[PDB]
Amino acid sequence: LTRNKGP
Amino acid sequence: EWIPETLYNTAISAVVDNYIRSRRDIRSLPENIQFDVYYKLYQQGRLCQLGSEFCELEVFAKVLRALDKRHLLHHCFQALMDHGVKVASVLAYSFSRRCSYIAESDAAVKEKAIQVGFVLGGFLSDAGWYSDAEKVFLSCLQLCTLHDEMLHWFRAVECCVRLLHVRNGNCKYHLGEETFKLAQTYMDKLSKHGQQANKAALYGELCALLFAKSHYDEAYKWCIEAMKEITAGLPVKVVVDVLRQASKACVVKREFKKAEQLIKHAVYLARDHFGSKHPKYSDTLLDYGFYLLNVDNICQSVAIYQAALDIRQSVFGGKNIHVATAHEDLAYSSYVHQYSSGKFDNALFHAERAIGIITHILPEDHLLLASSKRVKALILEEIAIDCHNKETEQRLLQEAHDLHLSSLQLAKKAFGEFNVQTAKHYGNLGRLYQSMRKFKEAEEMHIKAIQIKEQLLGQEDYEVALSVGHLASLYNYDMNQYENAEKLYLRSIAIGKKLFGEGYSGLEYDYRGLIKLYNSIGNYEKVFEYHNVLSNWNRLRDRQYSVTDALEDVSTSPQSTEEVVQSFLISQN
Amino acid sequence: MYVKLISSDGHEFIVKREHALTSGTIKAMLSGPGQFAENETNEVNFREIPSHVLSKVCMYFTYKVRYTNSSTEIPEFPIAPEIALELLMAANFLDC
Amino acid sequence: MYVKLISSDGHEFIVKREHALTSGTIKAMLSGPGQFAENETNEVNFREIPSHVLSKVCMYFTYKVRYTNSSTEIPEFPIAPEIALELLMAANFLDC
Amino acid sequence: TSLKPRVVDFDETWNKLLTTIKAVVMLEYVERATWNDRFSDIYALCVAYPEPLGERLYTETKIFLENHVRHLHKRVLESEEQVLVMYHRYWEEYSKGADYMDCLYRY
Amino acid sequence: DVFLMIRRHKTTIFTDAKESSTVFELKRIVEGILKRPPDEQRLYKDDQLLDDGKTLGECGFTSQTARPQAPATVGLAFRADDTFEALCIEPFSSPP
Amino acid sequence: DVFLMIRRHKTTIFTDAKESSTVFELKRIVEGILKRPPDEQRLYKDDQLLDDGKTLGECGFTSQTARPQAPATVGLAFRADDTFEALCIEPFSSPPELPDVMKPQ
Ligand SMILES: [Zn+2]
């Protein structure tokens, strides 16, 4: 994992 | 036990088995008896004998008059819509055609038609057939605005507060503003003649319109007005509408303290009057799950959304837009909850079934796909990067690209270019292009989302913090531009820490990104201190994980109406 | 002790009181001032229930009181097709 | 310029000839020996079409002629349910 | 007749019901056949074509009960120094009449 | 158990008795309801004269043809002015 | 525009007129159809004489209650040189009695 969740 | 079957229930079985010879005489029955024969026809699987009677306006009208057995009626009506017969559109067409013929009749027949139209359109709005409920309410409004009499403005504005409701659910937001203006025109005519009507329902539906159109700055003012227009004599359904929609308008404008009060009071009122297995209580559970999703209480939002879906699969059936909304909301919540765990089996199952319903009951150009597809195109991303295969990863990213492109096209068609939903689709496309190794397009979409979210929502908001997190995760982990990634991480951690305290979930993503940022360039004192901060983050999260279930967190009668409202309004200054 | 059910056309339908108390409506009509005038039988009058269906109502009363909480499998009440709907109107009015 | 659509009852419906040629059958009935009536307005006997439904036919003529190629939204023809079946067979026979 | 929905006039059936309902309360005597036929009247008002009169029946029953309690109140309050015993007699009558009324209005 | 529909003209009294029970106690049941001596009346078991003694088991009916949901009818008549009236059990009603 | 059914005994003129037009033009239409003088024509709007001076819009005929779909009827009477005659509009016919299907029977 590199990013956060999606809006 | 082996109790003998009731003679009423035994005669239902005998009458149904002799249904063909007694079709005409069952119409000559009391309203409670006539429902039970039709419900037995539903229970016996004879939906086509059921559907030949529910296509008729006046047989369905007496069936609609059984108010207690409305959940059973919703279940069998959804069974007919899944059967293949188009009873929702047939009843709407029959009402409009039979109702345009009494435009010049006396007031008694007209008000009887308006009452029947309110019952039928309210049923189709509760059932989720908003396109087939708009026609009923349009015909009702047409017959209300014919004579220049006092009560006709009351019935006309009562039509318009429901046209605006069935147009928000149908994503017809461009007719919503004109419906609000026309309703306000009849309220002006009511106020001139010394008869002030309650403005809570219309202002609430306008707040829902503006929240859907991503106009949260104006939606917050309109929900303030709607909460000001709550009185003690209002129907409980209207009060619950205003409370849940004001809570959604407050949680989106970072008024979390107010939003929990409004939404917990709405949940308590929905569970009190209606019950634990009512569609309106499920609506309040959906909005309460929206709250819990937006205040980082994700684990309770998953169980709350599942409670909303289980009610909506109970009252309704299969291919229904309400079950579809419950699915697309639970799929996103499970996507958020299992984002770190990586077990997107339930989330993909709910996202796939959500699109499998909307694509069946709604046109391909409807805006409601643009949400559901988005959710699937999130989940299909995370499964792909978790899978070690390259072919499956490429195929799933191409499918997610198709879904994001379709959702963005729908957002362009309806909301325009500078909308928050468009910015969300840009952020999702930037995340995808970061996964698609298309780095230039990824940073372009991300920076466009940054611009749109900053100029409209503002600098200090959750959405822009999440988007700068995505942009600097692209910069740091992938694009190797380590200079501005530090600035965007500092901005993201600042907004997240100030908005959700020290227990925000995205803080660990930002901390890991910042630790990688420093370890790629050195400065090991920063790495040590931020490893300590990350350790504190882990120590805080598992401490606050043990919180009781949110269904009983609202308790039984903690506060009362006109106290939640007053506490919300006196602190608005 | 047995109650006195009277049909629309004057037929008398003497049935056991505990049998007739299985229906809430007769439970109501026997109570109140219906119990003020008592003789060896309790008279209840149904001016709009025909005899051909009140007979089946009394048959159901006997069938229900005999098959209450019995381990033996209960056969269905043999409602004739011609008298079904009327009995269905007699079952709702009598709440039985 | 006017025709006299006489019904079976006897009610003459003097409607414009341009309205009457909306229906193909009336156009056929006004062609040939039907146009040989010298007494100005042509009488078109309709011994199979009653008066109450021929009145609705003439209203449809005046409706379609006035609302042809209309730029605005058009309303549906108000047709009563109790006359709908008779005006369905009147619309087939007149081919309008 | 039959247990079918009928086009009934609410005023005449309600007056026939009123003559009995004013005697069911305060423990006045009614005919057993009359008491049995009032059940049929209740059912007929609750299944009347084209609209059930249960709303009208409920409203008129509430209005009659309110008017009767107000009349009884003006009968008890105006006689002081014995309001306790008069209230007890009135409450006994009204309690038994209300139980018999809930029996009558069971449908 | 055996269930009966002892019927005379309009009266349609519903009774029950054991299979091993005899015919005589049916009149004993009738005494406490119709207030009549037992020898004053007999039973017309399928419009045929029935002996005062014997038993219900071999009388012509059993627990299979006398179910509570469809009991077997039994006639009955009185003596009026030193003579016995013939049975006049009328059918209940004609279903529509 | 206003749409009328000028009915006298059994005739039914399905004509149209302007809302600003007067009764004189309508009587001239009846001249053009039934070849009768306007002085022998008294027009009734539901038992009410229309004076020749006023227009169709003033007496009650508008473009909303006299649509082409359902034109508004107007009476007609002829003089025959003897004190005119009363209105004798004969109703068209009775459509077959189609009962309400849910009526109890
Ligand atoms: Zn079907």
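Quick notes
- The long axis of helix C:51-66 is offset from the longest Cα principal axis of chain C by roughly 70 degrees.
- Charge dipole (chain B, unit charges on Cβ, about Cα centre) - positive-most of B:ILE495, B:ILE515, B:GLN78: B:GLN78
- Each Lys and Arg Cβ is given +1 and each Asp and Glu Cβ -1; about its Cα centre, chain B then shows a dipole of about 640 debye.
- In units of the compact-protein estimate 2.2 N^0.38 Å, chain B shows a Cα radius of gyration of 1.07.
- GNM result for chain D, Cα springs below 10 Å: residue of D:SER51, D:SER70, D:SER23 fluctuating most strongly: D:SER70
- Across D:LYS56/G:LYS18; B:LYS228/B:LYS248; B:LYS40/B:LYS172, pairs whose alpha-carbon gap is larger than 26 Å: B:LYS40/B:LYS172
- One compactness figure for chain C is 1.08, namely its Cα radius of gyration divided by 2.2 N^0.38 Å.
- Residue and whole-Å distance for the chain D Cβ lying nearest the axis of the D-onto-C rotation are D:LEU85, 15.
- Of F:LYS10/G:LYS103; B:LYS264/B:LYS373; B:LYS69/B:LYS277, pairs whose Cα-Cα distance is over 24 Å: F:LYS10/G:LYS103; B:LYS264/B:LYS373
- Straight-line reach from B:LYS516: taking Cα to Cα under 28 Å and skipping same-chain neighbours fewer than 8 places apart, the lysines in range are A:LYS5, B:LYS343, B:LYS390, B:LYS424, B:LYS438, B:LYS440, B:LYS448, B:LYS453, B:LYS487, B:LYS497, B:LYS498, B:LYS526.
- Leading residue at positive end of dipole, chain F (Cβ point charges), from F:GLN48, F:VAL74, F:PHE92: F:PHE92
- Sites excluded, chymotrypsin sites (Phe, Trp or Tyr not before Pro) in DSSP loops with at most 11 other C-beta within 10 Å, longest stretch of chain B: B:3-544
- In Å, descending, principal axis extents of the Cα set of chain G: 56, 32, 22
- Whole-Å distance, taken between Cα centres, linking the stretch B:162-196 and the stretch B:373-390: 43 Å
- The simple spin-label model puts a point 7 Å past each Cα toward its Cβ; for D:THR41 and G:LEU49 those points are separated by 2.5 nm.
- Computed over chain G with a Gaussian network model linking Cα atoms closer than 10 Å, the most mobile of G:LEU26, G:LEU34, G:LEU43 is G:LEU34.
- Most positive-pole-ward Cα, C:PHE36, C:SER8, C:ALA90, against dipole of chain C from beta carbon charges: C:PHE36
- Distance from the alpha carbon centroid of the stretch B:82-126 to that of the stretch F:9-68 works out to 61 angstrom.
- For q = 0.20, 0.21 Å⁻¹, Debye-computed log10 I/I(0) when each Cα of the stretch E:1-94 counts as one equal scatterer: -0.98, -1.04
- Reference-scaled alpha-carbon Rg (2.2 N^0.38 Å with N residues) for the stretch B:109-265: 1.03
- Note on E:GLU81 and C:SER31: with the Förster distance fixed at 35 Å, the Cβ-Cβ geometry gives a FRET efficiency of about 0.40.
- FRET efficiency estimate (nearest 0.05) - Cβ-Cβ, D:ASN69 to B:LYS343, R0 51 angstrom: 0.20
- The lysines whose alpha-carbon is closer than 18 Å to the alpha-carbon of B:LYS192, local same-chain residues fewer than 8 away aside, are B:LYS181.
- The C-alpha atoms of chain E define a longest principal axis, and helix E:54-77 lies at about 10 degrees to it.
- In this Cβ point-charge picture (+1 for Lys and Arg, -1 for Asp and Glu), the stretch B:14-142 has a dipole of about 260 debye about its Cα centre.
- The GluC sites (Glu not before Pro) of the stretch B:364-402 that DSSP puts in a loop, and whose beta carbon has at most 14 other beta carbons within 10 Å, are B:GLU364.
- Under 13 Å from the Cα of F:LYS27 - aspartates and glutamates, other chains or at least 8 residues apart: F:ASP16, F:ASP39, F:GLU40, F:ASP51, F:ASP52
- For the protein assembly as shown, size of Cβ-based charge dipole, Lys and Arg +1, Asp and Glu -1, in debye: 2220 debye
- Cα Rg over Rh - the protein assembly as shown, Kirkwood: 1.07
- Inter-label distance, nm, simple model (7 Å from Cα along the C-beta direction), D:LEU88/B:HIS531: 8.5 nm
Quick note: the coordinates plus some simple rules give every number you see, no bench work behind them. Please note: Cβ atoms are built from the backbone with ideal geometry, for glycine as well, and neighbour counts cover all protein chains shown.
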